[PDB]
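Peer 1: Chains as they are written, first to last, in full-length UniProt numbering: chain G, 383 to 469; chain L, 383 to 469; chain X, 383 to 469; chain H, 34 to 341; chain V, 34 to 341; chain D, 34 to 341.
No residue lacks a Cβ here, since even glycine has one placed at the ideal position from N, Cα and C.
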Ligand SMILES: *[C@@H]1O[C@H](CO)[C@@H](O[C@@H]2O[C@H](CO)[C@@H](O[C@@H]3O[C@H](CO)[C@@H](O)[C@H](O)[C@@H]3O)[C@H](O)[C@H]2NC(C)=O)[C@H](O)[C@H]1NC(C)=O
Ligand SMILES: *[C@@H]1O[C@H](CO)[C@@H](O[C@@H]2O[C@H](CO)[C@@H](O[C@@H]3O[C@H](CO)[C@@H](O)[C@H](O)[C@@H]3O)[C@H](O)[C@H]2NC(C)=O)[C@H](O)[C@H]1NC(C)=O
Ligand SMILES: *[C@@H]1O[C@H](CO)[C@@H](O[C@@H]2O[C@H](CO)[C@@H](O[C@@H]3O[C@H](CO)[C@@H](O)[C@H](O)[C@@H]3O)[C@H](O)[C@H]2NC(C)=O)[C@H](O)[C@H]1NC(C)=O
Ligand SMILES: *[C@@H]1O[C@H](CO)[C@@H](O[C@@H]2O[C@H](CO)[C@@H](O)[C@H](O)[C@H]2NC(C)=O)[C@H](O)[C@H]1NC(C)=O
Ligand SMILES: *[C@@H]1O[C@H](CO)[C@@H](O[C@@H]2O[C@H](CO)[C@@H](O)[C@H](O)[C@H]2NC(C)=O)[C@H](O)[C@H]1NC(C)=O
Ligand SMILES: *[C@@H]1O[C@H](CO)[C@@H](O[C@@H]2O[C@H](CO)[C@@H](O)[C@H](O)[C@H]2NC(C)=O)[C@H](O)[C@H]1NC(C)=O
Ligand SMILES: *[C@@H]1O[C@H](CO)[C@@H](O)[C@H](O)[C@H]1NC(C)=O
Ligand SMILES: *[C@@H]1O[C@H](CO)[C@@H](O)[C@H](O)[C@H]1NC(C)=O
Ligand SMILES: *[C@@H]1O[C@H](CO)[C@@H](O)[C@H](O)[C@H]1NC(C)=O
Ligand SMILES: *[C@@H]1O[C@H](CO)[C@@H](O)[C@H](O)[C@H]1NC(C)=O
Ligand SMILES: *[C@@H]1O[C@H](CO)[C@@H](O)[C@H](O)[C@H]1NC(C)=O
Ligand SMILES: *[C@@H]1O[C@H](CO)[C@@H](O)[C@H](O)[C@H]1NC(C)=O
């Protein structure tokens with residue numbers, strides 16, 4: 383009973399933590415071109431592509447690590463209860 | 383006595399580690415404009431804003447993880463000592 | 383015997399995981415310049431330098447964390463076996 | 034406990050571990066409809082922002098309007114004098130950031146020159162027409178004299194002025210329209226000055242005409258003075274536009290409008306913002322979550338499922 | 034267990050911890066040789082891409098060729114009319130992204146003007162020569178009449194056109210070469226138009242000549258029409274180039290060629306891509322790992338070495 | 034152990050956990066004063082770098098000076114001929130990166146033209162004056178002949194040359210100052226050439242004058258030759274500047290100077306660099322820590338405080 387509510391507190395804190403807004407934008411760079419303009423097109427597309435790739439990376443390890451911590455806690459309490467049952 | 387000096391070694395290594403200089407700049411892009419110039423202003427401001435945001439993010443998880451490790455060690459030794467006291 | 387094959391599974395999964403390709407580029411921004419052109423040179427060099435620095439940072443913590451997890455597991459099983467030997 | 038059906042999730046330890054429950058934080062799709070609450074949505078069905086500013090005859094309904102997010106349908110098209118917008122994106126984003134169409138008329142003096150010129154390519158009804166916010170200046174009788182108009186700014190805000198330079202097709206057209214063999218128009222403020230000279234030449238015949246118009250804009254600050262000098266080929270403004278500061282943007286879309294109340298608008302419709310990540314699109318408006326490239330970010334919400 | 038020789042690695046806990054084994058994921062160096070499998074490698078030994086496009090006499094061998102990664106040796110040099118490439122990087126990257134040299138001739142009509150002009154600075158053999166893809170237009174007898182060549186696009190792909198504007202050294206040279214005292218050349222499509230006027234003046238004497246040529250390019254879409262107007266100092270194309278979409282790039286290198294099958298090519302040679310990181314270079318081609326600034330990224334592959 | 038007063042810190046587990054001790058790594062503020070050790074600080078109180086380079090009469094004290102970090106007070110202002118710096122930031126950062134004012138004179142030959150022109154708008158004392166590093170060339174008697182001056186570079190370093198092009202107000206002013214109805218000035222090296230033509234017109238009357246000057250700069254490499262050609266409206270240099278490579282920058286500030294020894298300088302004063310992060314400003318100079326947006330980064334330095 384204690385483990386269930388404890389893990390619930392864990393994931394619910396994790397949830398209401400990670401769902402935060404840290405992004406605020408009104409108007410950005412042009413993501414879409416109709417013709418070929420020159421070097422400025424390269425600058426624009428490259429910076430925005432690097433931005434989206436880096437954000438995807440950030441997200442990737444965010445979920446990776448949080449899931450890892452959830453594993454560590456759940457399997458830790460799992461072996462603990464297995465020990466106390468196999469005294 | 384051993385736990386106190388051990389934890390001291392921990393945080394002091396962590397400190398003299400994270401305080402490293404990895405940034406070296408002499409002259410950078412213009413962060414301040416007096417009038418409206420055009421698309422180049424968008425390029426400049428966007429790249430520098432993305433840079434500062436990404437650096438703040440990096441810092442965020444740096445402190446997050448290091449604090450997490452300090453927790454893991456301190457509460458681990460806490461339950462260990464509670465166990466050895468409640469034999 | 384079980385610990386050796388377990389740790390082998392650990393590092394081999396870690397390896398075949400981290401070696402993934404997530405980068406695909408055909409043509410990029412011009413890093414080299416022969417003369418001084420103006421502000422566009424600043425934009426170009428700054429964005430690419432920030433990119434390489436951020437990628438190096440990403441790599442840094444990747445190896446840092448993975449090595450950390452390998453430590454945690456190996457020293458955990460180390461104290462476990464020391465305990466079972468010093469009953 | 035244990036369940037006969039677990040959920041597989043990605044980890045760093047093993048690529049797919051089975052737990053008892055998980056969640057699907059990533060928003061997967063949109064409803065398809067955009068809807069206008071609490072935002073003020075104005076539908077530019079067949080005319081974009083610039084055509085609304087110039088005053089095209091087929092979109093004279095959109096006048097003195099405000100909005101929170103202007104939309105641009107792919108079916109937009111122009112029905113007036115052919116033109117070109119030098120550095121179009123800058124002025125588009127500038128006018129899009131304001132969000133208003135408060136056009137305040139101004140009394141101008143055009144001596145010796147004939148105003149209100151029109152062409153059959155911009156028929157506002159049964160007869161020839163022109164733009165509503167612009168005035169075509171022409172010669173009167175036997176000459177086109179030099180013009181030096183001045184307008185001050187005694188207010189406490191900024192003013193937007195639009196003007197145009199006419200590029201004829203032939204030198205005979207120029208001479209018959211302006212006695213001067215060559216044209217020149219200078220806009221000037223106390224800190225910003227520009228000069229434009231027309232270009233006689235043949236252009237791709239669009240709507241049955243080769244002559245062109247080039248539009249330019251100017252911003253006047255409080256206490257600044259705007260001076261216009263001309264000797265031929267000038268399209269003068271009829272007033273100015275008041276500048277504001279607010280949360281106004283633009284988004285090209287083709288989705289229909291509904292009556293939902295929602296703070297997140299995307300070109301593919303609306304989505305709820307009760308989630309941290311979404312994979313519908315990167316281009317969002319208002320309070321919208323992080324954009325990623327992964328639609329299957331699963332979050333383990335239960336213990337490891339070890340069935341009996 | 035324990036071993037008498039461990040491996041020191043970097044950590045966040047302590048700067049150097051000793052474990053029983055480690056790995057060296059970072060690729061340290063290259064073999065020095067670049068090799069052409071499964072990629073199609075073409076060696077531009079002494080002429081770069083632009084000289085291959087213009088048709089220099091010393092590189093007439095490279096004609097109607099395709100490639101996957103063009104190389105540019107530092108020993109490249111030109112042996113023809115001096116020139117300048119306005120915005121050189123854009124056109125270089127554009128032609129480099131195509132990867133083909135399919136040049137399709139086109140029938141042009143040049144009335145009243147003398148074609149196929151040459152100079153001793155571009156001798157293609159024993160006599161005077163010129164570029165293979167360009168034609169020098171000159172006056173015939175006593176006049177250089179105005180030109181207006183039109184060419185449509187009835188196909189379903191894009192066409193590339195190259196042209197040049199001649200800058201003479203003296204006004205007498207201009208008048209003797211073109212009766213018109215001043216030149217002007219206008220290229221036009223249904224959406225893109227440009228106009229160039231020559232510049233009479235003295236330039237640094239290169240290969241014994243002060244006159245210059247400026248090259249420009251144009252892209253024609255399906256259904257579009259290309260119109261050329263001229264009155265003097267025009268170098269006309271002899272055809273067009275078909276545009277494609279593929280994985281084609283360029284890389285300046287000086288390494289020799291081998292026969293190894295490898296998907297990763299670097300300017301310093303080839304490297305295997307069986308590793309996640311490398312420190313040879315940032316500029317890579319094909320499937321190549323992440324670039325970093327650290328060559329000593331060690332990964333602990335064993336337990337902590339605690340010797341007896 | 035336990036203490037009655039703990040410290041609350043942010044975690045990922047719980048938002049605020051209480052431990053026995055913590056630290057405040059972030060630097061919170063500055064002392065307000067900038068001070069000049071071990072750096073060489075030069076105070077440009079009322080004249081910026083460009084005015085120090087041109088040689089304004091009110092800042093003739095700053096001559097042949099070196100520095101490590103130049104400061105620009107907001108009270109700076111010019112007291113000479115009105116001007117414009119085309120692409121000002123580039124030349125500002127270029128001269129700021131050098132850090133020296135070693136001006137080496139050069140012997141020039143100006144045939145048929147009158148040198149050392151001045152105006153009452155730049156009075157260096159009781160009489161009319163001009164810039165110290167520039168020379169105003171004018172006609173002599175009845176003509177302004179063409180000038181073709183040449184200067185080589187036999188040294189092993191780079192040279193900086195400054196020059197100016199005069200824009201008159203009226204055509205009569207141009208003709209009376211230079212007999213040529215139109216002007217043209219060409220700067221040339223073996224690889225870089227530029228040409229400027231003056232612009233006759235009216236400008237905002239500043240300090241009682243409408244005429245203008247446009248400044249340009251040129252870099253000469255070892256073995257290169259600088260050629261200047263002119264026919265009117267040229268402001269010639271009197272020498273050159275030697276280029277160096279070092280750690281020199283600029284920073285606009287209004288803080289007073291002190292005698293501290295410190296390696297970190299900010300526009301709001303100096304700060305110690307014994308910490309990994311600071312929140313004073315992002316624009317720093319020298320060894321200064323990481324910039325962040327959070328001023329409350331607490332680091333737990335003790336066990337969890339569980340009072341009795
Ligand atoms: C040089 O050649 C070009 C291309 O042929 C000529 O441009 C073409 O000029 C004709 C003139 O009749 C255009 O026809 C007109 O089209 C408009 C479309 O709005 C129509 O309203 C008129 O009634 C007429 O049909 C044609 O569109 C135009 N473009 C093309 C691709 O043909 C150009 O005039 C020639 N210049 C000369 C004569 O030197
Ligand atoms: C204005 O000043 C420039 C700068 O020197 C003069 O340019 C120079 O012109 C001479 C032409 O006699 C070039 O000399 C050439 O040398 C080669 C090699 O011996 C020779 O074969 C040619 O016949 C010629 O003599 C000289 O290289 C060139 N200087 C530069 C910078 O390249 C220019 O001539 C001057 N204007 C006048 C009045 O000539
Ligand atoms: C077209 O109208 C504009 C706005 O009225 C004119 O600009 C202003 O012209 C007057 C007369 O030239 C300038 O007054 C000047 O003051 C200076 C300084 O005392 C004096 O040296 C001049 O002789 C003259 O009295 C006024 O400053 C100027 N606007 C500014 C700069 O604020 C413009 O001149 C008119 N068109 C012409 C004549 O080009
Ligand atoms: C959100 O709106 C965009 C706007 O079109 C939708 O776009 C595209 O999605 C299709 C489906 O794979 C792709 O083929 C196109 O290339 C996309 N257009 C782009 C990237 O410009 C998108 O599908 C919408 N989101 C959802 C979840 O439907
Ligand atoms: C990969 O190719 C590059 C291309 O030259 C090699 O380049 C340089 O390395 C030397 C050795 O320190 C430096 O002095 C140069 O400054 C480098 N040139 C640059 C950065 O443009 C590089 O050495 C090659 N990689 C390896 C592992 O040899
Ligand atoms: C460091 O110097 C800067 C330079 O002015 C100081 O600047 C500003 O801080 C005030 C206080 O909130 C803001 O209102 C301004 O907008 C800031 N100016 C900017 C961002 O350009 C700053 O306060 C100084 N640091 C400290 C700790 O005082
Ligand atoms: C999958 O899980 C659901 C939810 O309990 C269950 O009803 C269903 O029988 C399961 N299916 C299988 C094949 O286990
Ligand atoms: C699994 O979690 C979701 C919320 O993430 C919840 O709605 C659902 O009831 C859970 N499953 C069970 C069997 O309780
Ligand atoms: C280093 O390790 C190797 C590998 O076992 C071993 O042969 C060698 O003797 C060791 N050297 C020292 C000095 O420990
Ligand atoms: C150490 O690891 C490498 C692979 O990373 C392996 O080839 C080597 O055999 C290992 N060392 C020993 C002593 O097994
Ligand atoms: C806060 O901590 C200080 C440091 O020991 C102590 O002197 C003080 O009494 C504490 N205050 C409270 C309200 O606990
Ligand atoms: C808390 O840590 C600081 C250094 O971070 C130290 O100066 C202080 O003495 C510590 N507090 C106590 C009660 O020891």
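Taking three-plus beta-carbon pairs below 8 Å as touching, is the region 222-241 of chain H in contact with the region 197-204 of chain H?
Peer 2: With the cut-off at 8 Å, the region 222-241 of chain H and the region 197-204 of chain H touch.
Peer 1: Taking a Cβ distance cut-off of 7 Å, strictly less, list which residues of the region 406-428 of chain G are near chain H, in chain order.
Peer 2: The residues in question are 408, 409, 412 and 413.
Peer 1: Jot down the residue ranges of each uninterrupted alpha helix (DSSP H) in the region 137-223 of chain H, minimum 4 residues, whole runs only, in chain order.
Peer 2: Runs of the alpha helix (DSSP H) inside the region 137-223 of chain H: 204-210.
Peer 1: For the 8 Å Cβ check, are there 3 or more pairs between the region 385-403 of chain X and the region 388-398 of chain G?
Peer 2: No: fewer than three Cβ pairs fall under 8 Å.
Peer 1: At the 8 Å Cβ level, is residue 398 of chain G part of the contact set with chain H, yes or no?
Peer 2: So no, residue 398 of chain G is outside the interface.
Peer 1: If you drop the 5 nearest sequence neighbours on each side, which residues of the same chain put their C-beta closer than 7 Å to that of residue 128 of chain V?
Peer 2: Result list for residue 128 of chain V: 82 and 86, in chain order.
Peer 1: Go to residue 233 of chain H, then tell me how far its alpha helix (DSSP H) extends in each direction, as first and last residue.
Peer 2: Here residue 233 of chain H belongs to no alpha helix (DSSP H), and DSSP marks it neither H nor E.
Peer 1: So, are the CB atoms of residue 302 of chain H and residue 66 of chain H less than 8 Å apart?
Peer 2: A contact, by the Cβ cut-off of 8 Å.
Peer 1: Classify residue 393 of chain G as helix, strand or coil using the three-state DSSP reduction.
Peer 2: In the structure shown, residue 393 of chain G sits in a helix (DSSP, three-state: H, G or I).
Peer 1: Using the C-alpha atoms, what's the distance from residue 236 of chain H back to residue 226 of chain V?
Peer 2: Rounded to whole angstroms, residue 226 of chain V to residue 236 of chain H spans 8 Å at the Cα level.
Peer 1: Identify the residues that DSSP records as bridge partners of residue 269 of chain V: which are they?
Peer 2: BP columns for residue 269 of chain V point to V:168.
Peer 1: Figure out for me which residue from G:465, G:468, G:454 and G:441 has the closest Cα to the Cα of residue 401 of chain G.
Peer 2: Cα-wise, what sits closest to residue 401 of chain G is G:441.
Peer 1: When you compare the CB of residue 45 of chain V with every CB in chain L, is at least one pair closer than 8 Å?
Peer 2: It does: the Cβ of residue 45 of chain V has a partner Cβ on chain L nearer than 8 Å.
Peer 1: For ligand 12, is there any heavy atom lying closer than 7 Å to the beta carbon of residue 334 of chain D?
Peer 2: True, at least one ligand heavy atom lies under 7 Å from that Cβ.
Peer 1: Nearest-angstrom Cα distance between residue 318 of chain V and residue 331 of chain D?
Peer 2: The alpha-carbon atoms of residue 318 of chain V and residue 331 of chain D are separated by roughly 45 Å.
Peer 1: Could you tell me how far apart the beta carbons of residue 294 of chain H and residue 71 of chain H are, in whole angstroms, since I believe they sit closer than 8 Å?
Peer 2: That belief holds up - the Cβ atoms of residue 294 of chain H and residue 71 of chain H are roughly 6 Å apart, short of 8 Å.
Peer 1: Let me check you understand the geometry: is the CB of residue 202 of chain H closer than 7 Å to at least one non-hydrogen atom of ligand 1?
Peer 2: No, the Cβ of residue 202 of chain H stays beyond 7 Å of every heavy atom of ligand 1.
Peer 1: If I measure Cβ to Cβ from residue 158 of chain H and keep anything under 8 Å in the same chain, skipping five residues before and after, which residues do I get?
Peer 2: 90, listed in sequence order.
Peer 1: Measuring straight from C-alpha to C-alpha, what distance separates residue 137 of chain D and residue 96 of chain D?
Peer 2: Using only the alpha carbons, I get a separation of about 12 Å.
Peer 1: Please name the residue, chosen from D:311, D:320 and D:255, that lies closest to residue 329 of chain D on a Cα-to-Cα basis.
Peer 2: Considering only alpha carbons, the answer is D:311.
Peer 1: In angstroms, rounded to a whole number, what distance separates the CA positions of residue 456 of chain L and residue 46 of chain V?
Peer 2: Cα to Cα, the separation comes out at about 14 Å.
Peer 1: Could you please give the first and the last residue of the uninterrupted alpha helix (DSSP H) stretch that includes residue 452 of chain X?
Peer 2: Run containing residue 452 of chain X: 421-467, per the alpha helix (DSSP H) assignment.
Peer 1: Give, in chain order, every residue of the region 118-137 of chain H whose Cβ lies closer than 9 Å to some Cβ of chain L.
Peer 2: So the close ones are 120, 122, 123, 126 and 127.
Peer 1: Whose CA, out of H:93, H:321, H:222 and H:242, lies closest to the CA of residue 206 of chain H?
Peer 2: Looking at the Cα atoms, H:242 is the closest of the given residues.
Peer 1: Against chain X, does residue 440 of chain L count as a neighbour if the rule is that its beta carbon must be under 8 Å from one of theirs?
Peer 2: By this cut-off, residue 440 of chain L is an interface position.
Peer 1: Could you name the residues of the same chain whose beta carbon sits closer than 8 Å to that of residue 104 of chain D, not counting the 5 residues immediately before and after it, in chain order?
Peer 2: The answer, listed in chain order, is 67, 74, 75, 76, 77, 283, 284, 285 and 286.
Peer 1: Can you tell me where the alpha helix (DSSP H) with residue 84 of chain V in it begins and where it stops?
Peer 2: Looking at the DSSP string, the run of the alpha helix (DSSP H) that includes residue 84 of chain V is 82-87.
Peer 1: Cβ of residue 111 of chain H within 7 Å of any heavy atom in ligand 1?
Peer 2: Checking every heavy atom of ligand 1 against the Cβ of residue 111 of chain H, none is found closer than 7 Å.
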